[PDB]
Amino acid sequence: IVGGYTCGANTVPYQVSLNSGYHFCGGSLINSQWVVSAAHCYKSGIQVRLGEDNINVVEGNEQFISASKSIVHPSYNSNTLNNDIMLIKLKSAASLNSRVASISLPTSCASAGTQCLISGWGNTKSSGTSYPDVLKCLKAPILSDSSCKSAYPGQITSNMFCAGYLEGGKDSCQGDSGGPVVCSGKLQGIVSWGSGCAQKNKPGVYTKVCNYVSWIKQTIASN
Ligand SMILES: [Ca+2]
(Lines give C-alpha, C1' and ligand atoms only; values in the text may rest on other atoms or scores of the structure.)
Protein backbone atom coordinates (compact mmCIF):
# COMPACT_ATOMS: atom_id res chain seq x y z
CA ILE A 1 0.00 0.00 0.00
CA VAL A 2 1.43 3.36 -1.11
CA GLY A 3 0.25 6.52 0.61
CA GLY A 4 -1.77 4.74 3.27
CA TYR A 5 -1.57 4.44 7.05
CA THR A 6 -0.72 1.85 9.69
CA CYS A 7 -4.01 0.05 10.32
CA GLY A 8 -3.31 -0.94 13.91
CA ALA A 9 -2.94 -4.52 15.12
CA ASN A 10 -5.92 -6.76 14.32
CA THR A 11 -8.15 -3.86 13.26
CA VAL A 12 -8.78 -5.64 9.90
CA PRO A 13 -9.69 -9.07 11.30
CA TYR A 14 -10.60 -10.68 7.97
CA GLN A 15 -7.19 -9.88 6.40
CA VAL A 16 -5.01 -12.94 5.83
CA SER A 17 -1.41 -13.37 4.72
CA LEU A 18 -0.68 -16.24 2.34
CA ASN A 19 2.69 -17.75 3.21
CA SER A 20 4.90 -20.21 1.32
CA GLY A 21 7.96 -19.68 3.49
CA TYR A 22 7.39 -15.93 3.17
CA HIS A 23 4.40 -13.62 2.70
CA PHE A 24 3.45 -13.47 -0.97
CA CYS A 25 -0.20 -12.32 -1.23
CA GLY A 26 -3.17 -11.24 0.81
CA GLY A 27 -6.60 -12.80 1.13
CA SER A 28 -9.90 -12.39 2.96
CA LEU A 29 -11.50 -14.82 5.42
CA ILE A 30 -15.11 -15.42 4.39
CA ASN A 31 -16.00 -18.21 6.87
CA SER A 32 -14.11 -20.43 9.33
CA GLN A 33 -12.78 -22.68 6.58
CA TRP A 34 -12.45 -20.53 3.43
CA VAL A 35 -10.37 -17.65 2.13
CA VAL A 36 -10.89 -15.63 -1.06
CA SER A 37 -7.81 -14.35 -2.91
CA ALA A 38 -6.63 -13.57 -6.46
CA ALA A 39 -6.13 -16.42 -8.93
CA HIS A 40 -2.79 -14.91 -9.94
CA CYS A 41 -1.65 -15.72 -6.37
CA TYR A 42 -2.15 -19.46 -6.93
CA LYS A 43 0.66 -21.78 -5.93
CA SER A 44 0.88 -25.11 -4.10
CA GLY A 45 2.04 -25.29 -0.48
CA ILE A 46 0.07 -22.40 0.98
CA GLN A 47 -0.11 -21.73 4.69
CA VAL A 48 -2.83 -19.23 5.62
CA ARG A 49 -1.84 -16.84 8.40
CA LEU A 50 -4.72 -15.28 10.31
CA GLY A 51 -4.60 -12.77 13.14
CA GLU A 52 -1.45 -11.13 11.80
CA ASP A 53 -0.14 -7.63 12.33
CA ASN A 54 3.67 -7.79 12.14
CA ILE A 55 4.26 -10.70 9.72
CA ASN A 56 7.85 -11.11 10.99
CA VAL A 57 7.10 -11.30 14.75
CA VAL A 58 4.87 -13.71 16.66
CA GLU A 59 2.68 -11.32 18.66
CA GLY A 60 0.09 -13.63 20.16
CA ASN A 61 -3.08 -13.56 18.07
CA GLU A 62 -1.95 -15.57 15.04
CA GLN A 63 -3.46 -18.77 13.68
CA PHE A 64 -1.35 -20.58 11.07
CA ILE A 65 -3.38 -23.15 9.10
CA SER A 66 -2.24 -25.00 5.99
CA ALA A 67 -4.46 -25.01 2.92
CA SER A 68 -6.06 -28.33 1.97
CA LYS A 69 -7.28 -27.26 -1.48
CA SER A 70 -7.28 -24.23 -3.77
CA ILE A 71 -9.81 -23.60 -6.52
CA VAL A 72 -8.94 -21.07 -9.24
CA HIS A 73 -11.98 -19.62 -11.01
CA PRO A 74 -12.99 -21.82 -13.94
CA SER A 75 -12.64 -18.93 -16.39
CA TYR A 76 -9.48 -17.27 -15.03
CA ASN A 77 -7.31 -15.91 -17.85
CA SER A 78 -3.77 -15.20 -16.65
CA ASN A 79 -2.96 -13.03 -19.69
CA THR A 80 -5.84 -10.56 -19.23
CA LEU A 81 -6.44 -11.19 -15.50
CA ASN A 82 -10.14 -11.61 -16.26
CA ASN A 83 -11.79 -13.55 -13.41
CA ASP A 84 -8.82 -13.02 -11.07
CA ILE A 85 -10.29 -14.87 -8.08
CA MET A 86 -9.54 -18.09 -6.21
CA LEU A 87 -10.86 -19.90 -3.14
CA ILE A 88 -8.59 -21.57 -0.57
CA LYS A 89 -9.90 -24.13 1.93
CA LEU A 90 -8.21 -24.50 5.30
CA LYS A 91 -7.24 -27.97 6.61
CA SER A 92 -8.90 -27.11 9.92
CA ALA A 93 -11.40 -24.44 10.84
CA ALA A 94 -10.14 -21.15 12.22
CA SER A 95 -11.18 -20.21 15.74
CA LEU A 96 -13.18 -17.04 15.15
CA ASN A 97 -12.85 -14.21 17.62
CA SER A 98 -12.69 -10.40 17.66
CA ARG A 99 -9.28 -10.45 15.97
CA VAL A 100 -9.90 -13.29 13.48
CA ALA A 101 -13.27 -12.77 11.80
CA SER A 102 -14.98 -13.35 8.48
CA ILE A 103 -16.07 -10.57 6.15
CA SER A 104 -19.54 -10.65 4.54
CA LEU A 105 -20.00 -11.19 0.84
CA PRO A 106 -21.94 -8.49 -1.04
CA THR A 107 -25.59 -8.80 -1.83
CA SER A 108 -25.42 -6.19 -4.62
CA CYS A 109 -22.56 -4.49 -6.45
CA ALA A 110 -21.10 -1.26 -5.04
CA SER A 111 -21.26 2.05 -6.87
CA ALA A 112 -18.68 4.49 -8.05
CA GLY A 113 -18.01 7.03 -5.31
CA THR A 114 -18.38 4.54 -2.46
CA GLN A 115 -15.50 4.67 -0.01
CA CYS A 116 -13.72 1.44 0.67
CA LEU A 117 -10.84 0.11 2.81
CA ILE A 118 -7.93 -1.58 1.00
CA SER A 119 -5.23 -3.32 3.06
CA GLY A 120 -2.07 -5.37 2.80
CA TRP A 121 1.62 -5.94 3.40
CA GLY A 122 2.75 -4.88 -0.08
CA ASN A 123 5.29 -2.32 -1.22
CA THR A 124 4.85 1.17 0.24
CA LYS A 125 6.89 3.00 -2.44
CA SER A 126 5.83 4.03 -5.96
CA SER A 127 9.48 4.28 -7.09
CA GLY A 128 11.67 1.88 -5.35
CA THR A 129 10.86 -0.77 -2.87
CA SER A 130 10.10 -0.99 0.85
CA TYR A 131 8.03 -3.74 2.43
CA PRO A 132 6.34 -3.20 5.67
CA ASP A 133 6.17 -5.60 8.57
CA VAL A 134 2.85 -4.30 9.90
CA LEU A 135 -0.46 -4.14 8.02
CA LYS A 136 -1.13 -0.98 5.99
CA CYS A 137 -4.50 0.47 5.04
CA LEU A 138 -5.87 2.92 2.49
CA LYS A 139 -9.32 4.51 2.24
CA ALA A 140 -10.19 5.00 -1.41
CA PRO A 141 -13.27 5.50 -3.58
CA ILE A 142 -14.51 3.29 -6.38
CA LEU A 143 -14.08 5.10 -9.71
CA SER A 144 -16.61 5.22 -12.52
CA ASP A 145 -16.42 2.43 -15.11
CA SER A 146 -15.95 5.09 -17.81
CA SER A 147 -12.93 6.62 -16.00
CA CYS A 148 -11.54 3.12 -15.43
CA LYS A 149 -11.87 2.14 -19.09
CA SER A 150 -10.39 5.44 -20.19
CA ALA A 151 -7.39 4.93 -17.90
CA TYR A 152 -6.73 1.41 -19.28
CA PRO A 153 -7.94 1.20 -22.88
CA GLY A 154 -8.81 -2.28 -24.01
CA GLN A 155 -8.09 -3.87 -20.62
CA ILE A 156 -11.06 -3.44 -18.27
CA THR A 157 -13.67 -6.21 -18.34
CA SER A 158 -17.06 -6.36 -16.64
CA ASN A 159 -15.33 -8.38 -13.90
CA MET A 160 -13.03 -5.49 -12.88
CA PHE A 161 -13.38 -2.06 -11.31
CA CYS A 162 -10.96 0.73 -10.55
CA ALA A 163 -10.53 2.38 -7.17
CA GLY A 164 -8.14 5.03 -5.93
CA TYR A 165 -7.00 8.45 -7.00
CA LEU A 166 -6.26 9.61 -10.55
CA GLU A 167 -3.82 12.21 -9.26
CA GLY A 168 -1.53 9.42 -8.05
CA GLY A 169 0.20 8.88 -4.75
CA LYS A 170 -2.27 6.48 -3.08
CA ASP A 171 -2.77 2.90 -4.27
CA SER A 172 -2.28 -0.79 -3.59
CA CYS A 173 0.95 -2.33 -4.90
CA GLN A 174 3.00 -5.51 -5.37
CA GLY A 175 2.47 -7.85 -2.42
CA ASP A 176 -1.04 -6.55 -1.73
CA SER A 177 -2.49 -8.81 -4.47
CA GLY A 178 -5.31 -11.03 -3.34
CA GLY A 179 -6.23 -8.80 -0.43
CA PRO A 180 -9.49 -7.11 0.39
CA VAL A 181 -11.41 -4.08 -0.78
CA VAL A 182 -14.21 -3.67 1.81
CA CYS A 183 -17.02 -1.15 1.42
CA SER A 184 -19.75 -0.71 4.09
CA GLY A 185 -18.75 -4.02 5.66
CA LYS A 186 -18.89 -6.09 2.46
CA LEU A 187 -16.05 -7.59 0.42
CA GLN A 188 -16.48 -5.85 -2.94
CA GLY A 189 -12.99 -6.21 -4.43
CA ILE A 190 -9.78 -8.20 -4.57
CA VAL A 191 -6.45 -6.47 -5.23
CA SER A 192 -5.61 -7.55 -8.80
CA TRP A 193 -3.39 -5.32 -10.97
CA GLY A 194 -2.35 -1.88 -12.14
CA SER A 195 0.38 -0.10 -14.12
CA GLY A 196 3.10 0.39 -11.61
CA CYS A 197 1.70 1.66 -8.30
CA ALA A 198 0.24 5.04 -7.36
CA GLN A 199 0.96 6.49 -10.81
CA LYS A 200 -1.04 9.41 -12.22
CA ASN A 201 -3.97 8.29 -14.29
CA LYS A 202 -3.32 4.62 -13.45
CA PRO A 203 -5.58 3.65 -10.57
CA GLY A 204 -5.71 0.22 -9.02
CA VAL A 205 -7.76 -2.48 -10.75
CA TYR A 206 -9.74 -4.88 -8.59
CA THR A 207 -11.70 -8.07 -9.17
CA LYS A 208 -15.45 -7.33 -8.91
CA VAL A 209 -16.48 -9.76 -6.16
CA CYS A 210 -20.24 -9.23 -6.50
CA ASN A 211 -20.12 -11.04 -9.86
CA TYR A 212 -18.80 -14.17 -8.13
CA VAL A 213 -21.08 -14.61 -5.11
CA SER A 214 -23.07 -17.45 -6.67
CA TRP A 215 -19.88 -19.31 -7.67
CA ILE A 216 -18.37 -18.76 -4.22
CA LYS A 217 -21.45 -20.01 -2.37
CA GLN A 218 -21.97 -23.02 -4.62
CA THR A 219 -18.29 -23.95 -4.50
CA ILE A 220 -18.17 -23.78 -0.69
CA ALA A 221 -21.40 -25.80 -0.44
CA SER A 222 -19.84 -28.74 -2.36
CA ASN A 223 -16.21 -28.65 -1.20
CA1 LIG B 1 2.86 -11.90 13.58
Side-chain angles (χ1 to χ4, degrees), residues 1-70 85-104 116-126 128-140 170-182 185-187 189-192 197-198 204 206-207 209:
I1 303 289
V2 178
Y5 62 102
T6 296
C7 303
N10 309 115
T11 63
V12 188
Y14 52 84
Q15 172 84 54
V16 314
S17 168
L18 304 183
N19 185 287
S20 61
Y22 46 86
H23 168 84
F24 66 90
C25 274
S28 300
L29 189 67
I30 61 163
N31 69 26
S32 69
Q33 292 179 297
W34 288 90
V35 165
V36 166
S37 185
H40 84 257
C41 293
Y42 167 70
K43 59 170 67 187
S44 66
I46 297 175
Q47 185 185 62
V48 175
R49 298 191 167 205
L50 307 103
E52 286 283 18
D53 190 44
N54 190 315
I55 52 164
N56 276 318
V57 179
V58 176
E59 299 179 296
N61 294 111
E62 298 90 348
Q63 295 176 48
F64 298 169
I65 305 169
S66 297
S68 56
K69 73 182 78 167
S70 295
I85 186 170
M86 71 179 295
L87 285 162
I88 302 166
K89 193 180 188 183
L90 302 181
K91 282 177 187 239
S92 59
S95 181
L96 302 181
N97 60 48
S98 65
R99 295 175 177 82
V100 175
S102 57
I103 187 69
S104 288
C116 306
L117 184 71
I118 309 178
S119 49
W121 291 273
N123 189 3
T124 63
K125 298 300 193 134
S126 61
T129 297
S130 185
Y131 289 86
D133 295 303
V134 299
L135 187 65
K136 308 292 182 170
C137 275
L138 175 64
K139 291 183 178 185
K170 289 185 284 181
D171 196 5
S172 58
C173 200
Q174 284 73 41
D176 291 321
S177 289
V181 181
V182 166
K186 310 301 173 167
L187 183 68
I190 301 164
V191 179
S192 181
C197 307
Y206 298 92
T207 308
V209 174

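Residue indices begin at 1 and follow the sequence shown. All ligand and atom numbering here is 1-based and tracks the order in the structure. In what follows, every heavy atom counts, from backbone to side chain, and hydrogens, waters and symmetry copies are set aside.
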Novice: Quick check for you: to the nearest 0.5 Å, what is the distance between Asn54 atom CG and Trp121 atom CH2?
Specialist: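 Going from CG on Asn54 over to CH2 on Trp121, the span is 9.5 Å.
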Novice: More than 12 heavy atoms of other residues, nucleotides or ligands under 6.0 Å from OH of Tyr42: yes or no?
Specialist: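 Open.
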Novice: Could you confirm whether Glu52 has any N/O/S atom lying under 3.0 Å from the Ca ion (ligand 1)?
Specialist: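 Checking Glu52: at least one N, O or S atom is under 3.0 Å.
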Novice: Do any of the N, O or S atoms of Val57 sit under 3.0 Å from the Ca ion (ligand 1)?
Specialist: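 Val57 does place an N, O or S atom closer than 3.0 Å to the Ca ion (ligand 1).
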Novice: Could you check whether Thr6 and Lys136, counting side-chain N and O atoms only, form a donor-acceptor pair closer than 3.5 Å?
Specialist: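 There is such a pair between these side chains.
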Novice: Is the Ca ion (ligand 1) less than 3.0 Å from at least one N/O/S atom of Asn54?
Specialist: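 For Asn54, the answer is yes, given that an N, O or S atom comes within less than 3.0 Å of the Ca ion (ligand 1).
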Novice: With a cut-off of 3.0 Å, does any N, O or S atom of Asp53 fall short of it relative to the Ca ion (ligand 1)?
Specialist: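 Of the N, O and S atoms in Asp53, none lies under 3.0 Å from the Ca ion (ligand 1), which means no.
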Novice: Per the side-chain contact (heavy atoms from CB on, under 4.5 Å) rule, which among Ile190, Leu187, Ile118 passes with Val181?
Specialist: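 It is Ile118, the one option of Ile190, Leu187, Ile118 that forms the side-chain contact (heavy atoms from CB on, under 4.5 Å) with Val181.
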Novice: Quick one: do the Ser119 and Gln15 side chains pair a donor with an acceptor below 3.5 Å?
Specialist: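 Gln15 and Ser119 do have a side-chain donor-acceptor pair below 3.5 Å.
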Novice: Of all N, O or S atoms in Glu62, which has the smallest distance to the Ca ion (ligand 1)?
Specialist: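 Closest to the Ca ion (ligand 1) among those atoms: OE2.
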